[PDB]
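Colleague:
Protein chains: 2
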Amino acid sequence: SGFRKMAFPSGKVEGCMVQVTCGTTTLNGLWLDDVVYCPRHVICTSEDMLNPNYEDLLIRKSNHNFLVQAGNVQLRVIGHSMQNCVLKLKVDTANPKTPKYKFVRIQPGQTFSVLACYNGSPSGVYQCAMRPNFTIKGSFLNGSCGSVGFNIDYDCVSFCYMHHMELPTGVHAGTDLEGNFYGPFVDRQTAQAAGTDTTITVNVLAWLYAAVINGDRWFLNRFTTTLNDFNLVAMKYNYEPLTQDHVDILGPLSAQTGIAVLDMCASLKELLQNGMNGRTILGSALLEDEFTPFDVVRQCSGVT
Amino acid sequence: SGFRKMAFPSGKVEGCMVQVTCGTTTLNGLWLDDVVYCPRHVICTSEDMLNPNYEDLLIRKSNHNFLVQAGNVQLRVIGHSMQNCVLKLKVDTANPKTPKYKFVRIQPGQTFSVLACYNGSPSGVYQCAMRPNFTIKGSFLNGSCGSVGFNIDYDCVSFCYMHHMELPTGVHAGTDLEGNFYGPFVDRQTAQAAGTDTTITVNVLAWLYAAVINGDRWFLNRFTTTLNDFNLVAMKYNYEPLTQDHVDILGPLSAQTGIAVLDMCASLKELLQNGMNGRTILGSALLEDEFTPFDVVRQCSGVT
Ligand SMILES: COc1ccccc1OCCNC(=O)c1cc(=O)[nH]c2ccccc12
Ligand SMILES: COc1ccccc1OCCNC(=O)c1cc(=O)[nH]c2ccccc12
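Chains as they are written, first to last, in the deposited numbering: chain A, 1 to 304; chain A', 1 to 304. A prime marks a further copy of an entry chain.
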């Protein structure tokens with residue numbers, strides 16, 4: 001029992017982190033096989049960041065201008081190319097620690113673990129979610145760019161995020177490992193306001209199921225609702241609409257607890273309308289939405 | 001910016017996890033050098049757990065009864081001994097992945113990362129704190145015993161916890177790596193009730209400093225207090241007494257923000273007396289106490 005914001009073990013990803021320097025800028029890179037991936041803004045000076053023309057800035061760079069260091073040893077760069085907002089630095093050495101891996105582009109609501117790195121060295125690991133406004137609420141300081149987000153399935157690391165920037169509101173934006181930003185964000189120092197950060201309804205319901213599995217049952221009520229009635233309440237509270245796909249995804253948690261999805265929806269509806277009344281659920285005074293139904297099952301079953 | 005419940009990167013500890021089986025019981029072991037540490041209750045059957053005589057049960061066990069498997073390969077046990085509540089299984093092979101390490105016994109209020117393992121395989125990593133009642137609020141299922149708690153200082157892993165059991169209230173109890181339980185808990189299936197789970201005051205203040213550093217400043221008031229006045233309020237709210245040692249430890253966070261410790265104490269006093277009023281601090285609707293002043297500085301500075 002117990003329910004924690006759990007990250008995947010980060011060892012497989014630590015073995016991939018390198019330091020990339022271009023000019024005076026140092027950030028992190030991800031070394032898989034003989035390629036080092038990093039944000040293309042590594043080629044920018046602070047002045048460049050306001051309105052960068054990446055194709056033009058890249059012309060002034062050669063292989064020897066990208067300094068890649070894995071541990072305390074230097075990697076030889078034999079090629080460089082830009083794919084969307086990431087640079088792919090071809091090195092002459094395959095990473096001996098390359099795990100089985102995939103590059104995936106996640107959808108909002110999906111969670112992942114971040115290995116926050118500085119100077120190619122991992123400093124910490126924490127669990128994130130891709131917000132419905134395509135930002136992540138991370139913990140990143142200067143030098144953290146190139147830190148990655150990932151999920152692990154037994155021995156296969158699915159990289160889904162690469163850190164690029166912090167918006168003026170303190171939230172974070174980045175790309176998948178193909179260099180495409182999540183959301184409408186661009187790698188430029190300009191006014192980029194995030195949209196409504198709505199609550200991930202299916203995740204809140206999954207976490208309510210986790211609470212019931214872990215003995216926290218006070219919020220369970222004698223009511224039920226329909227998808228349409230619940231969604232009227234969800235819209236009012238800036239919650240994402242719940243679909244039949246979400247109900248189907250919650251099927252196994254419903255079976256494990258014996259609580260029909262729509263009954264749990266009615267419990268959530270009363271929690272939204274009445275509030276917590278000073279009470280807590282799984283040690284939280286607010287409704288947690290950064291656990292997917294898959295994370296609740298994985299944590300409550302012990303998948304390694 | 002951003003503030004997350006961050007765990008240490010777990011790679012150094014993943015390289016130490018092994019599976020230990022004795023009879024029909026399988027749990028986790030920690031392999032450092034040529035020694036595998038694991039909870040001594042690995043020798044118990046379910047019946048034994050109610051009133052075990054560990055010295056007597058151990059007499060019936062020989063080296064070949066302890067099956068140690070690191071990955072998919074078997075380790076040869078050439079010695080076994082009981083140190084308090086842990087067994088030390090001497091193996092013929094030094095762990096090639098043994099990091100620089102220390103065994104430390106932490107005090108309540110101190111935080112650490114747990115690498116939850118099952119069958120010697122890591123499933124997740126999360127941040128914990130040793131509660132003032134000597135329990136931890138972990139996330140552990142059947143098979144998790146022998147999972148460890150640790151802190152990392154650059155390249156030295158300081159192991160501080162080894163998981164042994166779940167109390168009937170869903171909280172967790174375990175030992176340091178010398179086999180001594182934290183608190184009054186014993187490795188026996190009997191009535192063991194935990195004491196008052198008070199709030200770690202110095203940690204709440206550290207997290208309030210982290211909130212100010214990260215732009216969440218609404219709770220800052222125009223008041224100050226004294227250590228004695230604050231402690232009267234802290235006692236009323238089941239908060240740990242704040243000492244001058246805690247004030248000294250908060251010195252650097254006070255210097256960074258320009259907010260005197262006693263002024264932050266007065267802000268915390270008003271938060272206790274008035275509540276949050278539906279507001280949040282660093283995305284939480286309650287006062288977080290599982291970040292030490294050292295964790296706030298480390299996260300807010302980027303220590304790798
Ligand atoms: C406005 O900056 C950019 C815009 C577009 C693209 C890139 C931009 O920055 C690149 C460098 N950024 C960081 O190193 C950085 C990342 C972060 O998440 N938090 C910080 C907190 C304090 C200081 C710096 C950071
Ligand atoms: C009452 O048990 C013990 C008492 C003293 C000593 C050892 C005891 O157990 C040893 C085995 N325990 C586990 O594998 C276990 C640990 C845990 O934290 N959560 C669980 C959740 C469900 C089922 C089992 C567990």
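Yeah, the Cβ is synthetic: ideal placement off N, Cα and C, and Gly gets one too.
Suppose contacts are defined by Cβ-Cβ distances below 8 Å. Is A'/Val296 in contact with A'/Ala206 by that definition?
Modeller: As a position in the second sequence, residue 296 of chain A' is number 296, starting the count at 1. As a position in the second sequence, residue 206 of chain A' is number 206, starting the count at 1. Contact: yes.
Colleague: Evaluate the contact criterion for the region 267–284 of chain A versus the region 103–111 of chain A: three or more CB pairs, one atom per stretch, below 8 Å.
Modeller: no
Colleague: How is A'/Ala70 classed by DSSP in three states: helix, strand or coil?
Modeller: As a working mapping, residue 70 of chain A' is identified with position 70 in the second sequence. Three-state DSSP puts A'/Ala70 in a strand.
Colleague: Do you know how far the Cα of A/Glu288 is from the Cα of A/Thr201?
Modeller: The sequence position of residue 201 of chain A within the first sequence is 201, counting from 1. The sequence position of residue 288 of chain A within the first sequence is 288, counting from 1. In a straight line, the C-alpha of A/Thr201 is about 10 Å away from that of A/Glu288.
Colleague: Would you say A'/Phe140 touches ligand 2, meaning its beta carbon is less than 7 Å from a heavy atom?
Modeller: Looking up residue 140 of chain A' in the second sequence gives position 140. Correct: A'/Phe140 has its Cβ closer than 7 Å to ligand 2.
Colleague: What's the call for A/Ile59, buried or exposed, on a 16-neighbour Cβ count within 10 Å?
Modeller: For the purposes of this step, residue 59 of chain A is taken as the residue at position 59 of the first sequence. When all chains shown are included, A/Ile59 counts as exposed.
Colleague: Name the DSSP bridge partner or partners of A'/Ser121?
Modeller: Taking the second sequence and counting its residues from 1, the one referred to as residue 121 of chain A' is at position 121. Answer is A'/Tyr118, bridged to A'/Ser121.
Colleague: Any contact of the region 108–120 of chain A with the region 15–22 of chain A, i.e. 3+ C-beta pairs under 8 Å?
Modeller: yes
Colleague: Starting from A'/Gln19, follow its DSSP beta bridges and name the residues at the other end.
Modeller: Your numbering for residue 19 of chain A' matches position 19 in the second sequence. A'/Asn28, A'/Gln69.
Colleague: Between which residues of its own chain and A/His246 is the CB-CB distance below 6 Å, once the five residues before and five after are set aside?
Modeller: Here residue 246 of chain A corresponds to residue number 246 of the first sequence, with the count starting at 1. Within the same chain, A/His246 has close Cβ partners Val202.
Colleague: Which residues of the region 170–184 of chain A have a Cβ closer than 9 Å to any Cβ of chain A'? Give them in chain order.
Modeller: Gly170, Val171, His172
Colleague: Any beta carbon from chain A within less than 8 Å of A'/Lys100's own beta carbon?
Modeller: In the second sequence, counting from the first residue as 1, residue 100 of chain A' sits at position 100. Not closer than 8 Å to any Cβ of chain A, the Cβ of A'/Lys100 fails to qualify, so no.
Colleague: If you draw a straight line from the alpha carbon of A/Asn180 to that of A/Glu55, how long is it in whole angstroms?
Modeller: Within the first sequence, residue 180 of chain A is the residue found at index 180, counting from 1. Within the first sequence, residue 55 of chain A is the residue found at index 55, counting from 1. Between A/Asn180 and A/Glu55, the C-alpha separation is close to 16 Å.
Colleague: What does A'/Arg4 touch in chain A if you count any residue whose Cβ is under 9 Å from its own?
Modeller: Here residue 4 of chain A' refers to the residue found at position 4 of the second sequence. Those within 9 Å of A'/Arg4 in chain A are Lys5, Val114, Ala116, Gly124, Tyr126, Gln127, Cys128, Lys137, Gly138, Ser139.
Colleague: Looking only at its chain, what residues have a beta carbon closer than 7 Å to the beta carbon of A'/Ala7, apart from the 5 residues adjacent to it on each side?
Modeller: Counted from its first residue, the second sequence places residue 7 of chain A' at position 7. When the five nearest sequence neighbours on each side are left out, the beta carbons in the same chain lying within less than 7 Å of the beta carbon of A'/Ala7 are those of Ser113, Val125, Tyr126, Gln127, in order along the chain.
Colleague: Taking its Cβ as the centre, do 16 or more other Cβ atoms sit within 10 Å of A/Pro132, making it buried, or is it exposed?
Modeller: In the first sequence, counting from the first residue as 1, residue 132 of chain A sits at position 132. When all chains shown are included, A/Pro132 counts as buried.
Colleague: Taking C-alpha atoms, which residue in A'/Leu250, A'/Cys160, A'/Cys156 lies nearest to A'/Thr98?
Modeller: Within the second sequence, residue 98 of chain A' is the residue found at index 98, counting from 1. Among A'/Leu250, A'/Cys160, A'/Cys156, the Cα nearest to that of A'/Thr98 belongs to A'/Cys156.
Colleague: At a cut of 8 Å, does the region 58–74 of chain A reach the region 87–97 of chain A through at least three beta carbon pairs?
Modeller: yes
Colleague: Looking at ligand 2, does it come within less than 7 Å of A/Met17, judged from the CB to the closest heavy atom?
Modeller: As a working mapping, residue 17 of chain A is identified with position 17 in the first sequence. Checking every heavy atom of ligand 2 against the Cβ of A/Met17, none is found closer than 7 Å.
Colleague: Shortest alpha-carbon distance to A/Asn228 belongs to which of A/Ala191, A/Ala266, A/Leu250, A/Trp218?
Modeller: In the first sequence, counting from the first residue as 1, residue 228 of chain A sits at position 228. Nearest C-alpha to A/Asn228: A/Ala266.
Colleague: If you pair each beta-carbon of the region 74–83 of chain A with each one of the region 149–165 of chain A, do three or more pairs fall below 8 Å?
Modeller: Fewer than three beta-carbon pairs drawn from the region 74–83 of chain A and the region 149–165 of chain A are found closer than 8 Å, and the two stretches are therefore not classed as touching.
Colleague: Please confirm whether A'/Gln69 has its beta-carbon closer than 8 Å to some beta-carbon of chain A.
Modeller: Reading the second sequence from its first residue, position 69 is the one you call residue 69 of chain A'. It does not: the Cβ of A'/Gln69 has no partner Cβ on chain A nearer than 8 Å.
Colleague: Please report how far the alpha carbon of A/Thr26 lies from the alpha carbon of A'/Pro52, in whole angstroms.
Modeller: Along the first sequence, read from residue 1 onward, the residue named residue 26 of chain A stands at position 26. Along the second sequence, read from residue 1 onward, the residue named residue 52 of chain A' stands at position 52. Distance between the alpha carbons of A/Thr26 and A'/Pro52 is about 57 Å.
Colleague: Taking the beta strand (DSSP E) that A'/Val77 falls in, what are its first and last residues?
Modeller: Counted from its first residue, the second sequence places residue 77 of chain A' at position 77. Note, A'/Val77: beta strand (DSSP E), 77–83.
Colleague: Secondary structure at A'/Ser158, three-state DSSP: helix, strand or coil?
Modeller: Sequence index remark: in the second sequence, residue 158 of chain A' carries index 158 (1-based). In the three-state reduction of the DSSP assignment, A'/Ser158 falls in the strand class, which pools E and B.
Colleague: Within 8 Å (strictly less), CB to CB, does A'/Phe8 reach chain A?
Modeller: If you number the second sequence from 1, residue 8 of chain A' lands on position 8. With 8 Å as the cut-off, A'/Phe8 counts as an interface residue toward chain A.
Colleague: How would you write the range of the alpha helix (DSSP H) that A'/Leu205 sits in, first residue to last?
Modeller: On the second sequence, residue 205 of chain A' is found 205 positions in, with the first residue counted as 1. That run of the alpha helix (DSSP H) goes 201–213.
Colleague: Could you tell me the boundaries of the alpha helix (DSSP H) in which A/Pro184 lies?
Modeller: Within the first sequence, numbered from 1, the residue matching residue 184 of chain A stands at position 184. Run containing A/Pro184: none; DSSP gives neither H nor E here.
Colleague: Judging by CA-CA distance, which residue of A'/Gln83, A'/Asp197, A'/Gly174, A'/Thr111 is the nearest neighbour of A'/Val186?
Modeller: Residue 186 of chain A' sits at position 186 when you count from the first residue of the second sequence. Minimum Cα distance to A'/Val186 is reached at A'/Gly174.
Colleague: Quick one: give me the first and last residue of the beta strand (DSSP E) that A/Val91 is part of.
Modeller: Your numbering for residue 91 of chain A matches position 91 in the first sequence. That run of the beta strand (DSSP E) goes 86–91.
Colleague: Using alpha carbons as the reference points, say which of A/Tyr37, A/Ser254, A/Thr24 lies closest to A/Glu47.
Modeller: The residue labelled residue 47 of chain A in the question sits at position 47 within the first sequence. Of the listed residues, the one whose Cα sits closest to A/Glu47 is A/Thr24.
Colleague: Report the rounded CA-to-CA distance for A'/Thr280 versus A/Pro9, giving the unit in angstroms.
Modeller: What you label residue 280 of chain A' is simply residue 280 of the second sequence in a count that begins at 1. What you label residue 9 of chain A is simply residue 9 of the first sequence in a count that begins at 1. In a straight line, the C-alpha of A'/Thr280 is about 29 Å away from that of A/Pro9.
Colleague: Could you please give me the residues that DSSP links to A/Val148 through a beta bridge?
Modeller: Taking the first residue of the first sequence as 1, we reach residue 148 of chain A at position 148. DSSP, once it has assigned bridges, lists A/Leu115, A/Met162 as partnering A/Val148.
Colleague: Under the DSSP definition of a beta bridge, which residues are partnered with A'/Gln127?
Modeller: On the second sequence, position 127 is the one that residue 127 of chain A' refers to. Beta-bridge annotation (DSSP): A'/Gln127 is paired with A'/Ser113.
Colleague: From the beta carbon of A'/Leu268, is the nearest beta carbon of chain A less than 8 Å away?
Modeller: As a working note, residue 268 of chain A' is residue 268 in the second sequence. No, A'/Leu268 lies away from the interface with chain A (no Cβ there is under 8 Å from its Cβ).
Colleague: Measure the CB-CB distance between A'/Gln110 and A'/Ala94 and report whether it falls below 8 Å.
Modeller: Here residue 110 of chain A' is taken as the residue at index 110 of the second sequence, counted from 1. Here residue 94 of chain A' is taken as the residue at index 94 of the second sequence, counted from 1. Not a contact, by the Cβ cut-off of 8 Å.
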